[PDB]
Amino acid sequence: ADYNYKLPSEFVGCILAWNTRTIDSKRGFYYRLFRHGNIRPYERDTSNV
Amino acid sequence: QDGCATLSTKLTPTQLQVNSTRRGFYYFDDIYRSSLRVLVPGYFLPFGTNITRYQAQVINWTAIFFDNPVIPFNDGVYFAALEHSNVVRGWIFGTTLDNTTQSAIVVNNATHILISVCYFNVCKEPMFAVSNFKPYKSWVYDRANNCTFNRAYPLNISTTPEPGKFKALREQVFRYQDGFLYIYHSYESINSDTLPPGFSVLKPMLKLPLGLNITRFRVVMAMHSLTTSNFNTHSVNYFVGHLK
Amino acid sequence: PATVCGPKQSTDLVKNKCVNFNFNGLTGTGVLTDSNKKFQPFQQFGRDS
Ligand SMILES: C=CC1=C(C)/C(=C\c2[nH]c(/C=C3N=C(/C=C4\NC(=O)C(C)=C4C=C)C(C)=C\3CCC(=O)O)c(CCC(=O)O)c2C)NC1=O
Ligand SMILES: *[C@@H]1O[C@H](CO)[C@@H](O[C@@H]2O[C@H](CO)[C@@H](O[C@@H]3O[C@H](CO)[C@@H](O)[C@H](O)[C@@H]3O)[C@H](O)[C@H]2NC(C)=O)[C@H](O)[C@H]1NC(C)=O
Ligand SMILES: *[C@@H]1O[C@H](CO)[C@@H](O[C@@H]2O[C@H](CO)[C@@H](O)[C@H](O)[C@H]2NC(C)=O)[C@H](O)[C@H]1NC(C)=O
Ligand SMILES: *[C@@H]1O[C@H](CO)[C@@H](O)[C@H](O)[C@H]1NC(C)=O
Ligand SMILES: *[C@@H]1O[C@H](CO)[C@@H](O)[C@H](O)[C@H]1NC(C)=O
Ligand SMILES: *[C@@H]1O[C@H](CO)[C@@H](O)[C@H](O)[C@H]1NC(C)=O
């Protein structure tokens with residue numbers, strides 16, 4: 001919620017989630033772990049510096 | 001996307017200052033109202049403030065001096081342009097404006113309006129090129145990779161210059177909120193060489209989901225299009241102001 | 001203009017009677033008559049003071 005994907009406080013909409021163990025159990029999925037400051041709502045950071 | 005171009009004839013920008021009269025108001029919401037008087041807080045350009053002016057033309061000494069510095073984009077920008085030959089095609093939005101961060105380009109190819117977001121390698125001088133009167137090449141960047149957004153709207157515009165007096169004034173307002181870039185537009189045809197005083201209100205035009213950190217922009221002057229193999233520029237003026 | 005709508009069945013326009021109505025999810029009760037008002041091209045309803 002701080003470095004990857006942030007929703008605005010006045011959100012209107014639905015959220016769905018489901019398990020995908022049998023199709024997505026592989027290498028190649030990453031998330032950002034270090035960053036200077038938080039991102040703003042509906043923003044993306046694709047840098048790899 | 002073709003790439004590269006170099007200009008030595010350049011000179012220092014002058015950075016004039018001009019009065020803003022009562023321009024730079026826009027429709028701030030999507031609620032229809034009828035015969036009502038309202039009090040609204042927001043971000044607007046104050047009446048009577050100074051704003052900055054830049055120009056572009058060949059003066060006389062076998063040399064052309066443009067004016068494309070890098071400007072801050074804090075809380076929003078008011079843009080104006082006086083032109084007569086389809087000069088100012090687009091802008092560049094971003095943070096470092098190099099190949100280490102994502103950037104957004106809004107331009108015109110005299111056939112479509114293009115909006116793209118990618119890891120751009122910007123050139124030293126972005127501009128298009130016409131073949132006297134034929135869209136020739138475009139030298140705005142040489143390489144673009146790892147790229148997120150692409151969209152185009154067909155809009156064919158005339159590429160035959162009519163130099164002389166100023167025939168068009170175009171005004172824009174740029175805002176950024178919650179990953180959305182908001183563009184408001186207004187246009188008119190006048191016959192004068194300054195900005196007339198008055199009160200103009202700008203209509204909404206575009207709401208784009210870019211999702212990119214914006215703190216700085218610069219202007220693309222694709223003016224050089226009217227020659228053969230040598231490529232030089234006609235005249236144009238533009239104005240910049242901020243929001244409070 | 002509505003771009004995504006739910007699966008509902010439409011009925012006939014009944015005029016000059018006190019009825020319940022549902023126009024694109026806008027619900028109410030009253031009497032429906034012809035109009036001489038003018039709208040903007042992308043406007044769907046009008047509201048008074
Ligand atoms: C990038 C394109 C761009 C355009 C066209 C724009 C919007 C825009 N420019 C218009 C007029 C215009 N004014 C311009 C000039 C421009 N061409 C440019 O590259 C720039 C910056 C402008 C700014 C307006 C053009 C091309 C027209 C004529 C459009 C037509 O033929 O209808 C109009 C009214 C006519 C129409 O709906 O087409 C719109 C909506 N804002 C932009 O930034
Ligand atoms: C921009 O695009 C390029 C090309 O798609 C991306 O390059 C790829 O980056 C990944 C790492 O994010 C590389 O994976 C690594 O490869 C090395 C061996 O080369 C390996 O030792 C590491 O363990 C890891 O597997 C991948 O090879 C690389 N591919 C290419 C063709 O360059 C780049 O990441 C993109 N940048 C972004 C994030 O926008
Ligand atoms: C900046 O522009 C505004 C708008 O034209 C000028 O305001 C006018 O000033 C004159 C002289 O005081 C008044 O008679 C008008 O009634 C004013 N009109 C409006 C709408 O404000 C203002 O004077 C200009 N300022 C400068 C320094 O040029
Ligand atoms: C506007 O410009 C004038 C002249 O440079 C300057 O004196 C004034 O402080 C500036 N600010 C206003 C009033 O917009
Ligand atoms: C990025 O730009 C720098 C400076 O021009 C250059 O040295 C480097 O090779 C470029 N790298 C890419 C991503 O093309
Ligand atoms: C401009 O249009 C031409 C012809 O369709 C196309 O070849 C070219 O890639 C376009 N350039 C830009 C900058 O969009």
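Sequence lines set the chain letters: A, B, ... in the order given, protein chains first and strands last, and positions in each chain run from 1. Only heavy atoms go into these numbers, but all of them, side chains included; no hydrogens, no water, no symmetry mates. Whatever order the structure lists ligands and atoms in, that order sets their numbers, starting from 1.
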Minimum distance, heavy atoms only, to atom 5 (C) of ligand 1: which one of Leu206(B), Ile157(B), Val106(B), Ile113(B) is it? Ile113(B)
Run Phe93(B) and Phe174(B) through ring pair (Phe, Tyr, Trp, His ring centres under 6.0 Å) and show every step you take. CA-CA 11 Å; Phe93(B) 296 102; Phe174(B) 295 111; 5.4 Å; yes
Show the protein residues that qualify under the rule heavy atom under 4.0 Å from an atom of ligand 4, listing them in chain and number order. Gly48(B), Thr49(B), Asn50(B)
Between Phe65(B) and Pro13(B), what is the shortest heavy-atom contact and its length? CE1-CA, 4.3 Å
Can you find an N/O atom of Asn109(B) closer than 3.5 Å to an N/O atom of ligand 6? yes
Atom 14 (C) of ligand 1: nearest protein contact (heavy atom, Å): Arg170(B) NE, 3.1 Å
Would a search of protein heavy atoms around atom 37 (O) of ligand 1 find one under 4.0 Å away? no
Would you say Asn132(B)'s side chain and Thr227(B)'s backbone share a donor-acceptor pair under 3.5 angstrom? yes
At under 4.0 Å between heavy atoms, which part of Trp91(B) makes contact with ligand 1: side chain, backbone, both or neither? side chain
Hey, does the side chain of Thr111(B) reach the backbone of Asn109(B) with a donor-acceptor pair shorter than 3.5 angstrom? yes
Could you check whether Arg89(B) makes a cation-pi contact with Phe128(B), meaning its NZ or CZ is under 6.0 Å from the centre of the six-membered ring and within 45° of the ring axis? yes
Using a 4.0 Å heavy-atom cut-off, which part of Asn86(B) comes near ligand 1: side chain, backbone, both, or neither? neither
Measuring centre to centre across the rings, with the benzene-like ring taken for any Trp, is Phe231(B) within less than 6.0 Å of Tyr136(B)? yes
Between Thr101(B) and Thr96(B): side-chain donor-acceptor atoms closer than 3.5 Å: yes
Atom 19 (O) of ligand 1 sits nearest the protein heavy atom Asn108(B) CB, 3.2 Å
Across all chains, not counting sequence neighbours, the side-chain hydrogen bond (donor to acceptor under 3.5 Å, both in side chains) partners of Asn20(C) are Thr29(C)
Looking at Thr9(B) and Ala63(B), would you say the former's side chain and the latter's main chain have a donor-acceptor pair under 3.5 Å? no
Measuring to protein heavy atoms, does anything land under 4.0 Å from atom 32 (O) of ligand 1? no
Selected option - heavy-atom contact closest to atom 10 (C) of ligand 1, from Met205(B), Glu188(B), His185(B): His185(B)
When every non-hydrogen atom of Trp139(B) is compared with those of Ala5(B), the smallest separation belongs to CE3-CB, 3.1 Å
Just jot down the ligand 1 atoms closer than 4.0 angstrom to any heavy atom of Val88(B), in number order. 18 (C), 19 (O), 20 (C), 21 (C)
Distance SG-SG for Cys123(B), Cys4(B) less than 2.5 Å: no
Look up atom CZ in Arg32(A) and atom CG in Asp45(A), then write down how far apart they are to the nearest 0.5 Å. 4.0 Å
Is the closest N or O pair between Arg89(B) and ligand 1 shorter than 3.5 Å? no
At a 4.0 Å threshold, what atoms of ligand 1 neighbour a non-hydrogen atom of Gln172(B)? 23 (C), 24 (C), 41 (N), 42 (C), 43 (O)
Would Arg175(B) pass as a cation-pi partner of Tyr182(B), given that its NZ or CZ must be under 6.0 Å from the six-membered ring centre and within 45 degrees of the axis? yes
Mode of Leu114(B) contact toward ligand 6 - side chain, backbone, both, neither (heavy atoms, under 4.0 Å): side chain
Can you confirm whether something in the protein, heavy atoms only, sits under 4.0 Å from atom 26 (C) of ligand 1? yes
Quick look: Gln1(B) vs ligand 6, heavy-atom contacts under 4.0 Å, and the answer is side chain
The reported gap from CG in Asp67(B) to OG1 in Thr52(B) (rounded to nearest 0.5 angstrom) is 10.0 Å
Any protein heavy atom lying closer than 4.0 Å to atom 7 (C) of ligand 1? yes
